[PDB]
Every structure is written in structure tokens, then in C-alpha cells.
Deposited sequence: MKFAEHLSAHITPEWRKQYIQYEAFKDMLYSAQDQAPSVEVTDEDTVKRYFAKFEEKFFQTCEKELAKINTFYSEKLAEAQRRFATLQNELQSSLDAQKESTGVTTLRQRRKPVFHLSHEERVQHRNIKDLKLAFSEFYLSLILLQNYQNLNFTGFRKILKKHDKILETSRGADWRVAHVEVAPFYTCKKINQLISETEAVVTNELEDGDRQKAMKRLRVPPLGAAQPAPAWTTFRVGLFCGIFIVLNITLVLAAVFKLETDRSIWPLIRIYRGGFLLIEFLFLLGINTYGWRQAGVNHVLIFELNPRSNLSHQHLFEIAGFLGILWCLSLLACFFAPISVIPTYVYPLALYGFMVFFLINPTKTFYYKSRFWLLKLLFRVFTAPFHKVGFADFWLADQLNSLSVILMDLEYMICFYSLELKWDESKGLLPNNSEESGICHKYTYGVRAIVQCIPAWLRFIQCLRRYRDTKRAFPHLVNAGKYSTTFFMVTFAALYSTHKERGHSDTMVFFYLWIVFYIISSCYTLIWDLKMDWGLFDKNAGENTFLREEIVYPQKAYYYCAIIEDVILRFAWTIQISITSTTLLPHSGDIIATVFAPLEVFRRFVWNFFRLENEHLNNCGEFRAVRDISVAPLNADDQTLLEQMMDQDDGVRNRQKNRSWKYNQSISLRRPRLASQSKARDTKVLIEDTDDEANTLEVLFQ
């Protein structure tokens, strides 16, 4: 019924510019009919111009299809050579054959993608020429389609069908022991992008969890206004995790809408990947659990059950929700996340891909959870001078604060060793080491504040200068090296890059301003939380700023993924 929306929803992002400009053709036809008042001569001239544009688009489609055909043939030849080599070779062999199977599946997916490209282009050409015929009341569009479009190489080439059949047969005969069902179970390509909406049950569950979360938040606010353990420092981590999951669902939705191929960037399975709806569902469920635990703490209806059981259990459930061996709840994604976390926490011993660095950055923005965990350990170790945990600073607190920065710094060092490109990796390593310097100097100042060493005023100046250095370093890296903004090629996009996938420039400008403000706020919050510093209002400031840090990292995720998709800023791809 409507081909503009169906097409745009089915466009392959990386090939967006190579499809027929159906919307442009619509605008051209509508404008031509709008200016219609000699008159027949003008109509004939418009017809000639329209069909010249059609020929140009058809030629573009043909050249793109020919290039993709050559690429697919080369890929098939390479895959056959690899299969022969693996067969000659036959733990390591199993991994090799699995990688070969994955490569064959990816190549088949590419063939399906280009077949869909061909079908969509032909359908768009036919529909636009039908619209031309209907608007201009002429039977010449069909003649033009039959004369050239019907005989165009892109529509008359069946090499892709033969390649698909050959790939299927080869996989079935040399990778699945002659079973076609198993081969097609992995080769089949379901609808991609936004073509397949999320299940109705998933959306209903997301809505149910959102409603329960909203009502429970209202109830919590009412209980707090009306109505032994620090509840803020125990529940801030959970609240931040829920907020991060919700903002990550928003990030995934925006990436899908803007054509940012985060599936390829994150190296996820394109045939089956988690969507924003599932992230919203998980965030809503975790928020429901968090709200229930906090309400139980506020009320404690059961006396036999101590209050401290409620927080622990909540966070225990969360742990049990992530390390569950059973294949019940997002098991594929949960196992992938577990592997990524293991790689990140063992950063120097694994090659650093985009996913590892991205998760390490997320942890950098989520250090408050580790700080709260360490504070809970301190509370259970000593407090259970009364408030000794938050009144003094120790090295363990500083190293716990710097753990995410340490992980990122070691990742950058490993990347430098692997690639030897000193500039980016070492500049990023220094950016992360500014965090170590700032935290150490803040801890020294806090320790010296208690005793009159006479060298506490000099430790404060060092902390101020290193705070400024770290803030400027992080902001510059975020604006220039992460988002790729402030580029010379952006003639029409001031303070941006040449190409921006997102619709509005206001998004980018507000992002720059918010990045600066919340970078300063994040540095301040890290300074406050790492050490005693403000002994009275520090906790409130940290609690207020941590959600702002999560929001800043969410916007940063948006723009970092955008830059990575447009330009290989992270150099994680060939």
C-alpha cells in the first residue's frame, strides 16, 4: 500500500545511498504536477527528465550489483579454498571447522541481503513508474520499464540464486554430514532490522513491568515522605544498574532507527540478536525487584526476616539472574555478557575488540557500584567511632575506585603492543592514568587533612590541577577521538563531522554541552566518592551525580557507536 515506509524500513543501512531514491522520485513527480499550468511540451520535457533520472538510478543499481556479484564470487572461492584446507588438515580442528561454518553462514547472509536488494530495487522501480503513469495519465512508464528495466543486468542476473544453491549444497555436503535441515537451520535469514517487530507478549511484558515500576516508585516516594543500615549506599548500585539497562535499551532503539550497524560493530549474531524491547523488559523486572526490596526495607512487614536480608537477596537474585546455567532467560545474551566480562576483567590477556573496550568504558561510568560494594564490605567488617567507614580513607578504596580506569589503561597498553600505533592507544592510556593521579592525590590530601603535616595545602593544589587535567583530557577525547566531531570536512555541520546519521544538529550540540558539564560533574563525583573530601554533603552529591554519569555515558554510547559505524575510530575493523 505504501512503498516509501516499507522500503526505508527494509533498506540495508550500509547500502542506503545505493537504492532507488523512491522518495526523491515522489517529490519530483509531485512538484512537476504542482507547477503544471506549450503545456504539452513542458509535460514531455518533464517526462524526458524523469526517465533520464530513472536511467541514471538503474545504471547506479547495475554497477553496485555487479560489484557485489564480484565480491560474492571472490568470497565463495575463498570459502571453498578454506574448506579444502580444513578438510586436508582433518580442539583446534573443531574450532577451525566452526569458524568455517560461521563464515559460510555470513556469506549466505550477504547473498540473501543482496537478493533482497535486487528485489526491493525492482519493486521500487516498478511502483514509481506505475505512479508516473497514473499521475501523468500515460502508458509510457510501462514501456520504459519493459524496454530497459526488464532487461537490466541486475534483474536479469540469476548468479545469486546459483550462488545461494551452491553454498547450501556445499554446507550440507561438507559441514553437516549431508543433512539439509541442520544446514538450513543456520543458513536461513529471518527478517532483518525493523522488518520483524518484537513479539506482542514481549511488548506486553515490558508495559506491565513499566507500570508496576512506576506505581512502586510512587509508593516508595509516599512511604519515604510519610513512613542501622545505609539504604542509599546499598540501593544506589541497583538503581544505577537499572537506569543503565533502560538507557541501553534506548541506545539500541536509536541505533536501530538511525541505521547504525551495532550488530556488526559488537560482532553479534545478525540472524538472532537482542532488541531494545528485551532490554526494557529486563530493566523493568530488575526495577520491580529493586522497588520491592526497598519497600520491604522501609516497612519490614516480616519481623523474623532481618532487614539486611532484603538488599542482599535482591543483589543475590541479580547475580543468580546473570550466572544462571540453565537455558531459560536470555541465556545466549547472558553467556555472551559473562564471556565479555571475563575478558574485560582479564584485559591484558585477551585481544581487545570493540565489545571489550565498550564494556570497560561502561564500567568506568559505573564505578559507583564497585564503590558501594566496597563500602558494604567495610560496613560489615568494622561498623558491624561508629561511622568509621565514611570518615577515613585507605588505599583499598582508591584502588577500587581506579579499577575500571586500570582495566581501560591496561586494555590500551595491550592494544598499543598489538598494533604499535603509539598515538591513539598511548594518548588514551594517559587519559585513563590521569584518573589514577587524581584519585591518588585526592586520597593523599584526605589523609593529610587529619594530621597537620603542613603539606596538605600543596596536596590540594595538586588535586585541583590534576582534576582540571583529567576533565580536559576526557572531554577532548570524548569530543574528538570518540565522537569524531570538530572536523574540517563539516562545511554544512558546524562543530561536527561531514556525515551525521542522526536527524537533528540540536542533538549533537546539546550532547557536546552535556558532555562537558557532566564530565566535570563526573570528575567531581569521583573525587568526592573516592575519599572523604566533603564529609557531610558528599554522599548526596555522589547520589545525585551518578545517574547523571549514567546519562552522560548513554549519550556517549550513542555518539561513539555512530562514529564507529561511520569511521573506524576504534580501529577494530579492517
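Peer 1: Give the ranges of the deposited sequence, numbered from 1, for which the structure holds no C-alpha coordinates, in sequence order.
Peer 2: 38-45, 99-121, 259-264, 422-435, 626-702 are the stretches of the deposited chain that have no C-alpha coordinates in the structure.
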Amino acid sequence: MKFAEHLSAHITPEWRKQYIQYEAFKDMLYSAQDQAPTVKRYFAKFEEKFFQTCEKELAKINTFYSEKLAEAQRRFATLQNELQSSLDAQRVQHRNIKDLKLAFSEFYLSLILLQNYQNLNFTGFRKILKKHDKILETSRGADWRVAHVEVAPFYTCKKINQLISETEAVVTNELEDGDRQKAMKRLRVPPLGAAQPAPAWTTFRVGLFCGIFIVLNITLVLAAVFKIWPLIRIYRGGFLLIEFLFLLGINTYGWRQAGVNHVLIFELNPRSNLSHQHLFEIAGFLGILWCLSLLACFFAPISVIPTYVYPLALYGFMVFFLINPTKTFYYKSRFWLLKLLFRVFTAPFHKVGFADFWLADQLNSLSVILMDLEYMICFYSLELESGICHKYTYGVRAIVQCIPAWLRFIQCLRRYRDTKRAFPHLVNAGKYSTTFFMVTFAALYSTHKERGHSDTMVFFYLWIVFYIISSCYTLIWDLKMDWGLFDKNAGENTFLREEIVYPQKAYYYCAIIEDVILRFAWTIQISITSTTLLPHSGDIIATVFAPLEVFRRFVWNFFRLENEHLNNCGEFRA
From here on, numbers count along this sequence of modelled residues.
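Take the two forms, find the largest set of C-alpha atoms that superpose within 1.5 Å, and that set is the rigid core.
Peer 1: Could you tell me which of the two stretches, 319-327 or 170-178, has its Cα atoms lying farther from the shown structure in 7 other deposited structures of this protein after fitting on the rigid core?
Peer 2: It is 170-178 whose C-alphas lie farther from the shown form in 7 other deposited structures of this protein.
Peer 1: Could you check whether 154-162 or 277-285 drifts more from the shown form in 7 other deposited structures of this protein, using RMS Cα distance once the core is superposed?
Peer 2: Of the two stretches, the larger average C-alpha offset in 7 other deposited structures of this protein falls on 154-162.
Peer 1: Thinking of the other compared PDB entries, is residue 390 one of those residues unmodelled in at least a third of them?
Peer 2: Yes, residue 390 lacks coordinates in at least a third of the other compared entries.
Peer 1: With neighbours modelled on both sides, does residue 233 go without coordinates in a third or more of the other PDB entries compared?
Peer 2: Counting only entries that model residues on both sides, residue 233 is resolved in every one of them.
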